[PDB]
Amino acid sequence: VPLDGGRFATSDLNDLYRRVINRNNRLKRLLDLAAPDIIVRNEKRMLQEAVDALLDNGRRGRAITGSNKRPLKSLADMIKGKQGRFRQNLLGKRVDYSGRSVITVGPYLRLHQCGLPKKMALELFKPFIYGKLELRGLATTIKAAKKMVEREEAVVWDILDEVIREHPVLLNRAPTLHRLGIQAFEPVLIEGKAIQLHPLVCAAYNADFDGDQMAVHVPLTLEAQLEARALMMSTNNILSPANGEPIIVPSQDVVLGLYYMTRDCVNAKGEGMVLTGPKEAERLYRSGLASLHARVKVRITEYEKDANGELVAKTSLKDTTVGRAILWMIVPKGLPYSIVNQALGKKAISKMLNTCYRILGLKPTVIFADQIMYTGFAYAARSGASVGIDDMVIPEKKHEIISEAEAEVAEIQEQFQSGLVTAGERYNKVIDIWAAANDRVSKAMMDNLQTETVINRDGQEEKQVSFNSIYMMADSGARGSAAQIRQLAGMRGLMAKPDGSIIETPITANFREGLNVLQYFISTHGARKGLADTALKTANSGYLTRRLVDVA
Amino acid sequence: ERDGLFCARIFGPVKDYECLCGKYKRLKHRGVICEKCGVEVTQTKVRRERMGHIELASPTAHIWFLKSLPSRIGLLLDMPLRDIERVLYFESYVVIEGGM
Amino acid sequence: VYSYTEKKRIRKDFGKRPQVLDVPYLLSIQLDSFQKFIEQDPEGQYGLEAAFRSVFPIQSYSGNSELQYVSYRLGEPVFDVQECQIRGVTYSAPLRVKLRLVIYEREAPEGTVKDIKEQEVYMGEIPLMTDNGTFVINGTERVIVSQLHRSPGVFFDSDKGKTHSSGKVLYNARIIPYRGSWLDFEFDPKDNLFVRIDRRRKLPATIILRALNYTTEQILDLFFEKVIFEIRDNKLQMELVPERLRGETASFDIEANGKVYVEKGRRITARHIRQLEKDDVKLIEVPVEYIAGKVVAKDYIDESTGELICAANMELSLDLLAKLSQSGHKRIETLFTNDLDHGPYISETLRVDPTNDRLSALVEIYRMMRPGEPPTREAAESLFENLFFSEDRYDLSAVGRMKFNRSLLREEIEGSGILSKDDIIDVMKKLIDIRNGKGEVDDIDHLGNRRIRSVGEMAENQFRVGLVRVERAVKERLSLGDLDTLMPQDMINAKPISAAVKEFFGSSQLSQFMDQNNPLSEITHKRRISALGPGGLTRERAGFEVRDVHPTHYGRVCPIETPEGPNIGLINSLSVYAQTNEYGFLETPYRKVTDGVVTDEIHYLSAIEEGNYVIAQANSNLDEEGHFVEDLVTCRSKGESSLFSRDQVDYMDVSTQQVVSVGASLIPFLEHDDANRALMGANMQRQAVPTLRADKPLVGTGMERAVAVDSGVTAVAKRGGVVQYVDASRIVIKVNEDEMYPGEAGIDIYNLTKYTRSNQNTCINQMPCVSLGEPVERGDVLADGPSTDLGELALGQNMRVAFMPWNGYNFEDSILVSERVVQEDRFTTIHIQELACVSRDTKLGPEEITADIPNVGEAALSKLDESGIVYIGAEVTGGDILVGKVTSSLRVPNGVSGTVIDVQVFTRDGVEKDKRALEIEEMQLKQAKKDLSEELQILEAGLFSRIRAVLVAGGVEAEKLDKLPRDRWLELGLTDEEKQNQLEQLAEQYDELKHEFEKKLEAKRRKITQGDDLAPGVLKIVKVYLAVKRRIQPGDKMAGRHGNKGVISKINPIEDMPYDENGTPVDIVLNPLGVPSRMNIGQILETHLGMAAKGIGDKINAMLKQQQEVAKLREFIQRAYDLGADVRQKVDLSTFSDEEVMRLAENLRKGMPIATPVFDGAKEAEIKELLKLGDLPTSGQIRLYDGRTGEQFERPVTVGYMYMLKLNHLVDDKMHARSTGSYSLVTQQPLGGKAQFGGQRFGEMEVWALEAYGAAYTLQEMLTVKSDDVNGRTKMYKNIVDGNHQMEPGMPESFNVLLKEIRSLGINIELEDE
DNA sequence: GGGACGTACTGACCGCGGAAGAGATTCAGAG
RNA sequence: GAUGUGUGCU
DNA sequence: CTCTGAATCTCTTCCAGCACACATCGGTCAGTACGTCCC
Ligand SMILES: [Mg+2]
Ligand SMILES: [Zn+2]
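Going down the list, the sequences are from chains A, B and C. Those letters in the first sequence? Residues 328 to 879, per my numbering, in order. Those letters in the second sequence? Residues 195 to 294, per my numbering, in order. Those letters in the third sequence? Residues 335 to 1648, per my numbering, in order.
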């Protein structure tokens, strides 16, 4: 390696070769002068050690004499190890025509196209631009076209839009764990410096928008273009290779929008009226006369495959929600109406898509998922589902249950201090009564949350489901479960220890009120345990998957 | 420098179609070996492709056939590896046709 | 109280628990370490002399060449901090050590012939500690972290359920000295003691005890107990011990009660054990077989023939019975063994031991240490006496001795430094007693078994290593030294000490950069406790026990501050109120609690001492007497949070902030969020980035005041006074009367650091924050640095927030930003990039810096001067040549932009300086003249007033006095007297001071005007600083103070954002579908509190704009500052002023600052009360209106103020693409990294993805054409540029490289056939 | 006039881990 | 350029 | 007079991916020209 300014460094092998040549010359000289046998045997020992150090290192005496505490590199170290020649430059290579940036979300894009910055597109497709320019006669030599694209004329943008119009690309997230780790899309120019990506596709990559970075690759040959558009196209990957369950399941926001869209109340604007079709239903909603969700008699013109591909039209008059009729506008011909009569949670829309692809086909399923995405984000934006401190009501029976449990543990203490039971039995009784108190508090808070809302209906009052924001987020299955709500509103039960035992003193506090230092210091144990588990799980899984992919 | 870790008459020239002495720089010049210090004329990819050797005054054993657990030498001669370490590293003798 | 600087922004807070002890000096760890290290001390208990005395005075073999220590002296600071940091040279200092050299009379008593005492012989150059607590080496700033390791001493360990698939719980001990080799006493699955050197072959542990001059009978009595036997008349028999008899069976029958006792074969209960004393039976009768069923203890010798009767540790047999019967011995002594009380471990291990001689032990030890070596008597003796019986090659510290004595129930903490010949036996007996079932082992989790090594300790260790490695050459030179013909200057070499100290400070495992991008980062990077480095473990060998938290970390180590990743629990952070113990352990304060009175007297407890007392909790009310307001209180004895009686406690915590550190104490409402996101928030507060103009956080924690004071970027008033002159960079403060030194005096001057480069390419500056004609008290702030505001820590900005989805732009975690933010320029940051140049010397010709370079036009060569340097303040773009150099166009790298702000030139002798360097020298000289002249004038006015007042006596006028100059008064005479004598004395002092300042200015000019030293083989060094003005843009990363990260998705017009009924638009909108899942509920209360603060600020601003009277404003401020429950913040605005109230109200127009301590924050009721004080709704949720449709929503939405930040992950610093760039050399493959035109690495796991599909040509051209084919990719490019799309196969050159490497390895390999 | 070892200045030359697999190792059951 | 040193994101 | 089939000591290998910034790659004995303060 020639350093700057006359001087230069050297590799580790050169020292070994110099040592071997020097000792060989010294042995030749000692054979020339007929030295006594001890000297030539010492020289032979030195030469054997030098050859051993050149062929391998770290096996005889770890002799290096290269630098300060740094074992030099040999041919075994060239081939063996993590950074050996194989795993560094044979399997995982480094390829041009690539690039990386930070990803971001974009709602106005279909699931068969992705965003792309302009500078990246201008930098990657330079050969295609040169070819098209010198084909259209806008440049004589390659130097002319190179200087013109360096000057960044206006017409090169048109040339770029022409040459990229129908040229697919590839995307790639750094942790690749399965077949769907690398897919294909069609690029669309977007001003900026960040790659926009389809919302529903992000669920397959398992890549949140907390700053994750992806990579791009451009196929060159025509066969690769065909392989990308046919095999690795995002529209062809709708079912997981592991299980028959789909991969285009809506995750977080559109599910909340739909769940808020299809549910009836006790009294709304314009309840009891009639309507012809969903069109005038949406018209009434946009006019503001009728509320979003109310029981309205409407007529629908559904369809059904009577024969092997023969649709039959029919009419009906059902009692349904205005929002349900509005959602029916994007439903294709083949699906029945009884699929949208329920609350349409997460599993509901999952099986909806499952039955949609099972009957109609590919393109109807794709366009139906697209329309679901658009309308769900629209009505989720128009919903206005916020969160406040009043959204978490704490039942009044919690204090009394905690006082009863305290009386119980005090009585158990007073009984054990006289020697009636053993320590383990006392511990078991205490943990059992605290678990019972936890169950009681959980049932109390669930009863308080799920059905607190009572509203009159033309005089008399009546119970109904609740419209609490946190309850709508929990029940719809968007994020979290019942355990997290139990931890926020009620107590979080008991905690474990690094040993694995359970402390007899439970966490007698919620997250709405403050926590004393002791309970937080205890919960730190479980927090750090989970963090360490998540830290080491990837290090184990990498080697596991590597062995499994190497064995078969 | 003259033939050592790097050379031009043993491994190949530095720049394409240029001898070391500089007396010949031509694309037509092919295989014309010099006369002051005999060096042919070719490109540098042949310098990357060729290979040299080195000689020794005494034979030298190999370490992989020796130290590895399936010791091919040890399995061939049925002799413990420690005694072979002693012999190869000049610690004892081996009776080779010393009279049975 | 409430000084002028502490009065402009009176921060309201909610404090229930009253304060009892303020936060001490935050950097009292590293400064304390270095101070204790560097201070000389006649009592060599520590410091440098404690390291010198071990290596100093020495002696030769017999030549009487003894050099001896007398004293040393610290060298003067050669350079300053600023200029030396600009140069890039270590902030070191000389070390001149005085040494005395004597030579005794040749072969005689102590007759000193010559007593050479060389005056402070020179040696070494050690760096110094910066006032902030850093180092300066090569322009950067290292920070030596505190390494945590294991306490040197003794302990016990328990290998449980490890091997053999059984319940064997074999134990082992370990003696870890401060320096030397470890010693291990381990068991085996066959009940034998095994001793081991560090990690070498094991062997029976009796060998080391045999090697200590002992006899077998002494060895056996030293562990076991004898059994008494006696031949009264016949029928040998053993006496009765009541405790030995306990835990036995009736072999024949127990001889107690004379004749009738427990029947044949029983389990003797305690009743008969007490009967043993009730009938005091000692010795009656025992048969011979039960006696023969055991092993004799001592040896026996025949009385007639003088031969041996038997051997030690031998069981009894009929032949030995016959030999003892015929010999006739009464007193027989055997071993009382038991499977439950006295294990036969010692006797069995001695029996298995094959050797019996001590010389055999020496031979075995020497063979185990150095195999294949001739066993020599003297060599083995020296090795055994040098292994751990020597002072030089073995040294156990006094702390180690203390731990060793405390761990063995000793009393005296004194003793020797090496291991005695009794401690081994002591620890062996202790291990045997532990194996017997008494006591338990100690795991390595208790902080009493850990000790924090500091900077001074490592420095002393490295310096001692240097001394002991130069002592070899010292002895070698003195063995053949000369009589008197040379001084110790030629005897000693200063090379190795400097080499070792530079090796340790520059390139080590603990020395590293510091993050100047954030004062919080600077203060948290120093108070860091690592676990890596020498002596400690590594990043991947452990583990599962050393990563978790132990209940002793409470108050000592922060449980909730660590970088998430491959190192959890190893980079733990130190707490707030923690303090370094004298020994080196961790002390934490506690309040003394008497019977009923909680005295405010504080103490300090170690970790081992806490396990004895009981500690109360700060969450307990009291009233003027320390008595609790409860019947009983929650406490803990040993990790047992339970309920104890009220009149039993011993101590109570100081404050609730004791459990957390500064990295987490700056998070408001921490008591409501889980640690999984509190950790992320504490890291993101550390990874912040400053802005143009910082702003106070409306929701603070109170700690933000005592952070920037002790930080680096500030201006602490050294002495109070009055502001005289402050313009942009220099501050003149007139010194008060009582703060004046005797004799001469003056004023305090300050220089402010302007725009310069940090360690992470971030800007930094110091702006004044005071007005002219204003007093100041000593110990206040004068100039605010980056992300600071009037001595208050302020990281980022703050604005509105809304929790509602909007067209799905907030899909997973994205963040929406309105155009108002980028328009108002509130998140615009500054970046400074440094580019250097070299001018070396080649044999073809010296490298010139001429401004003429061919191949380019006049457009490129237009910004340069006559000397080839770009003009200062020239807008540069990508690819613009900045330095003209010939045998070389050092142009702007492709991607960066901005302007040029400064030029640096470093030259060496041989090449003259251009006009630029001379201009810089003249500017620096002009500044050094201006400041010295200002000082000269401001001090000379005093002497002129003195000579005026002296002239006033006798003869003086008034109007015709100020006309003749002040120097002409010295020219004026007066009648000869002591008055004129004082005039002449003052004139002499004037001339002396003038000449002294002239000499000082001459020296300062000579220091800078002279040449500069630099690296060899290079003449000129040109460093150019570039500055970039970049703002916020999509793709950037933002996060609040609760781990809620996100990437900016889209920037919308102002009107498209929602707005309330008053037309005020809405700022950044987050996603409300993250709170229930992440459980970071603490941010919503912060939002409500910020909304309340802004409402109060709006009321104040309205009442100020309508120009009301001061009484209404005072009344409203009294309304504001008097709400809530019992607090300590109780001010009275009716005492300050009429103008100060106006200034305070003008300062509060942006919003009333509200502080909140961590674990006793304001409750929800007080929040709603403060909301009701304003004009806001109770629930804090207001209707909105869409910018698109203009339609009201269907549910009130929560709004308020969050506290946004800005991180270093800028999108322009990650986006990188490349079509065709430079290639590698050994393998024809592309390069990687944003620099040097790198490309993405198509790794191995990605091949598996394509392998799952059916893509073949794709993978072929992926890893064949675009990667390795030197012949193929050229043809591919030529085909692509011609419209063709025909791929071509080829031969991977990396495969050829592998083939060549295998072939040169010595194995034939080659492609088979055609 | 003047000279020759400091003062650089190079030439070169030798120097806090499992888990498995495979080589030793020893114990006993007799013979 | 190769190694080493850390630091930061997944 | 000793063989072989199982229980133990002892030596060798590996541990996910990506990005960024620093240091170091001949030290020292043996020749080889300039040079300045007394001689
Ligand atoms: Mg992520
Ligand atoms: Zn030639």
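For each residue, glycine too, the CB sits at the ideal point set by N, CA and C.
query: Does the Cβ of C:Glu-1005 have 16 or more other Cβ atoms within 10 Å, making it buried, or fewer, making it exposed?
result: Sequence index remark: in the third sequence, residue 1005 of chain C carries index 671 (1-based). Using a 10 angstroms sphere on the CB of C:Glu-1005, the tally of other CB atoms reaches 16 or more, which defines it as buried.
- request: Flag A:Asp-537 as yes when its Cβ comes closer than 7 Å to any non-hydrogen atom of ligand 1, and as no otherwise.
  value: Residue 537 of chain A sits at position 210 when you count from the first residue of the first sequence. Within the cutoff, so yes.
field: Span of the alpha helix (DSSP H), counted from its first residue to its last, around C:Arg-1448
entry: Indexing the third sequence from 1 puts residue 1448 of chain C at position 1114. 1444 to 1454 is the span of the alpha helix (DSSP H), which, as asked, contains C:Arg-1448.
- request: Report yes or no: is there a C-beta of chain A within less than 8 Å of the C-beta of B:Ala-251?
  value: Taking the second sequence and counting its residues from 1, the one referred to as residue 251 of chain B is at position 57. Interface criterion met: the Cβ of B:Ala-251 is under 8 Å from a Cβ in chain A.
- prompt: If we count the other Cβ atoms within 10 Å of its Cβ and call it buried at 16 or more, is A:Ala-634 buried or exposed?
  reply: Here residue 634 of chain A refers to the residue found at position 307 when the first sequence is read from its first residue. Flag for A:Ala-634 reads exposed.
field: Distance between C:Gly-1624 and B:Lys-209 (C-alpha atoms, nearest Å)
entry: On the second sequence, residue 209 of chain B is found 15 positions in, with the first residue counted as 1. On the third sequence, residue 1624 of chain C is found 1290 positions in, with the first residue counted as 1. A straight line joining the alpha-carbon of B:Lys-209 with that of C:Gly-1624 spans about 25 Å.
Three-state class that DSSP yields for A:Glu-735 in the structure shown: Taking the first sequence and counting its residues from 1, one reaches residue 735 of chain A at position 408. In this structure, A:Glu-735 counts as helix in the three-state DSSP scheme.
For A:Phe-704 and C:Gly-1380, believed in contact at Cβ under 8 Å, the rounded distance: Here residue 1380 of chain C is taken as the residue at index 1046 of the third sequence, counted from 1. Here residue 704 of chain A is taken as the residue at index 377 of the first sequence, counted from 1. Actually they do not touch by this definition, with Cβ atoms about 18 Å apart.
- request: Flag C:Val-1560 as yes when its Cβ comes closer than 7 Å to any non-hydrogen atom of ligand 2, and as no otherwise.
  value: Taking the third sequence and counting its residues from 1, the one referred to as residue 1560 of chain C is at position 1226. Flag unset: Cβ of C:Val-1560 not near ligand 2.
query: Closest Cβ-Cβ distance between A:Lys-407 and chain B: below 8 Å?
result: Taking the first residue of the first sequence as 1, we reach residue 407 of chain A at position 80. With 8 Å as the cut-off, A:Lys-407 does not count as an interface residue toward chain B.
task: Could you tell me whether the Cβ of B:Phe-284 comes closer than 8 Å to any Cβ of chain A?
output: As a position in the second sequence, residue 284 of chain B is number 90, starting the count at 1. Yes, B:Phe-284 lies at the interface with chain A (some Cβ there is under 8 Å from its Cβ).
query: Can you tell me whether DSSP reads B:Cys-231 as helix, strand or coil?
result: The residue given as residue 231 of chain B occupies position 37 in the second sequence. It is coil, neither helix nor strand.
message: Could you tell me the alpha carbon to alpha carbon distance between C:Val-1043 and C:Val-1115, rounded to whole angstroms?
response: For this step, residue 1043 of chain C is matched to residue 709 along the third sequence. For this step, residue 1115 of chain C is matched to residue 781 along the third sequence. CA-CA distance, C:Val-1043 to C:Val-1115, rounds to 7 Å.
- request: State yes or no: is the beta carbon of C:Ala-1042 nearer than 8 Å to at least one beta carbon in chain A?
  value: Working through the third sequence from its first residue, we reach residue 1042 of chain C at position 708. Under the 8 Å criterion on CB atoms, C:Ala-1042 is classed as non-interfacial with respect to chain A.
field: Closer than 7 Å at the beta carbon, the chain B residues around C:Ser-1638
entry: Taking the third sequence and counting its residues from 1, one reaches residue 1638 of chain C at position 1304. Residues of chain B passing the Cβ test: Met-245.
query: C:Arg-1552 lies in the beta strand (DSSP E); which residues open and close that run?
result: Taking the first residue of the third sequence as position 1, residue 1552 of chain C is located at position 1218. According to the DSSP assignment, C:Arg-1552 belongs to the beta strand (DSSP E) that extends over 1550 to 1552.
query: Counting contacts by CB-CB distance shorter than 8 Å, is B:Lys-261 in contact with chain A?
result: Against the second sequence, residue 261 of chain B aligns to sequence position 67. Yes, because at least one Cβ of chain A sits closer than 8 Å to the Cβ of B:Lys-261.
query: Among residues of its own chain, excluding the 5 on either side of residue 276 of chain A, which ones have a beta-carbon nearer than 8 Å to its beta-carbon?
result: Here chain A has residues from 328 to 879 only, and residue 276 of chain A is not among them.
- prompt: Using a threshold of 7 Å, is the CB atom of B:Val-233 nearer than that to any non-hydrogen atom of ligand 2?
  reply: For the purposes of this step, residue 233 of chain B is identified with residue 39 of the second sequence, where counting begins at 1. At least one heavy atom of ligand 2 lies less than 7 Å from the C-beta of B:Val-233.
message: At a CB distance below 9 Å, what residues from the stretch 369 to 399 of chain A approach chain C? Give them in sequence order.
response: Taking 9 Å as the Cβ-Cβ cut-off against chain C, the residues of the stretch 369 to 399 of chain A that qualify are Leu-382, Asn-395.
query: For a contact meaning CB atoms closer than 8 Å, what does A:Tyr-344 contact in chain B?
result: Stepping through the first sequence from its first residue, residue 344 of chain A is reached at position 17. A:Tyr-344 reaches chain B at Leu-199, counting residues in chain order whose Cβ is nearer than 8 Å.
- prompt: What does residue 276 of chain A pair with, by DSSP beta-bridge criteria?
  reply: The requested residue 276 of chain A does not occur in the structure, where chain A is confined to residues 328 to 879.
field: Chain-ordered chain A contacts of B:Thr-254 [CB-CB under 8 Å]
entry: The residue given as residue 254 of chain B occupies position 60 in the second sequence. The contacting residues are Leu-374, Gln-375, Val-378.
- request: Let me know the alpha helix (DSSP H) ranges lying completely inside the stretch 549 to 584 of chain C, each 4 residues or longer, listed in chain order.
  value: Listed in chain order, they are 550 to 555, 576 to 579.
query: CA-CA distance, A:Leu-460 and B:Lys-219?
result: Counting from 1 along the first sequence, the entry for residue 460 of chain A is found at position 133. Counting from 1 along the second sequence, the entry for residue 219 of chain B is found at position 25. Rounded to whole angstroms, the separation of the alpha carbons of B:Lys-219 and A:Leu-460 is 39 Å.
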